[PDB]
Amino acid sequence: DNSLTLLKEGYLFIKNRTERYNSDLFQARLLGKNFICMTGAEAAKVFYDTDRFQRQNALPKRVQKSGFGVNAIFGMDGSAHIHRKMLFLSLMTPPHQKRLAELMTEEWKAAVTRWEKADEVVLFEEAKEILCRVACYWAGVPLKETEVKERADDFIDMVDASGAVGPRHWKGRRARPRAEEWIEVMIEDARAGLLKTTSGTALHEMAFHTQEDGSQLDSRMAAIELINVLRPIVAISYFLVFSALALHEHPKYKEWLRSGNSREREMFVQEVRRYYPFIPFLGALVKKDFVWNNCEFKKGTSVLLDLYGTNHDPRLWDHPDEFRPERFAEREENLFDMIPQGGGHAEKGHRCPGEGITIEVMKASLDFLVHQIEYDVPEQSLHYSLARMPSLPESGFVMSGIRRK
């Protein structure tokens, strides 16, 4: 069993061994089960063949009880999944993307009044609080100023628990019930008319969604799925720190971004999402027997898809281990060579419905760091570990000497 070794190698567990064996897939005993791990753009296409792979019963329970909730969309298949997947997608169109980005820009500009007056600032902690406040307000979720940091911290505890053992895991195990109870009482009050809601906002839509059979969701399940909107928005803080880390370690692109328009911002945001580690792998079950790449996939066998490795596959990317935003200058867009938030199509599979929100928030945030403030990056540990899942520059990225422009 290599579950310990998985934990020790993190984002490199699959890549190391495909490189070693010179095969795009190998067999391994993980999580007590039998696994096929696989990597590469063609592997991803097989992984998103929804007649060969299912998600029901693929998500480990420890991950359900901390990061994501029990029996949510991640584990649904078939038309039941497509039905609920459209709910999420209705809340993440370009309209909502523009709105979340505008709100973030509004919050960054106000932050300047406080940041100028402070000595240092930890970008990760600022990001968490601003995203939580923005996510709740865009969602219609009441959020008192005094609970903002506490609710954002519970969201990050959930994110940071899925890939952990021991104390780091327990934080997520205790945050998830706090958050589900909070949101569930909102859902109940919304259904009673005791809390004002607004058609088209996330809280309202989750509270009143109807399934195929026309029932509403359990208040707890509505709470769970609303939390699967608020939590990932707060988790964008990881990407926003990696964005600033990129500018610092590759400052040649700061003037490249300054004098360029959104073309350069778009490319930069993409290379951040490609180059830096976030989601290591995805799980699924072979739902019926098949053969691919001279290997037999027996039914009920668990399979991992290597997201990190595919994003650094030299077959798909030139100098993949180097950070080069210029690789996106009017480049063919495939759906399986870059999969940091999944591959395929989001309405025909499990690909992330909030990719657009993730990118526009990143663009607005990047625009704020480049055009709106000057700052120093003082002596600090900027190391991020490929063994910590998720990963983050150790210090949270400290900024000092912040000044308006």
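A residue's number is simply how far along the shown sequence it sits, counting from 1.
As listed in the deposited structure, the average C-alpha B-factor of 22-30 and of 61-69 is greater for 22-30. When the C-alpha B-factors of 353-361 and 43-51 are averaged, 43-51 comes out higher.
Among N261, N228, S162, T197, the highest C-alpha B-factor recorded in the PDB entry belongs to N261.
Within the selection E125, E116, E120, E330, the deposited Cα B-factor values reach their highest point at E330. In the deposited entry, the Cα temperature factor of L316 places it in the highest third of its chain's modelled residues.
In the PDB entry, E266 places in the highest third of its chain by CA B-factor. When the CA B factors of the chain's modelled residues are split into thirds, the value for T201 lands in the lowest one. Placement of the Cα temperature factor of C295 within the chain: highest third of the modelled residues, per the deposited record. Sorting the modelled residues of the chain by their CA temperature factor places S391 in the lowest third.
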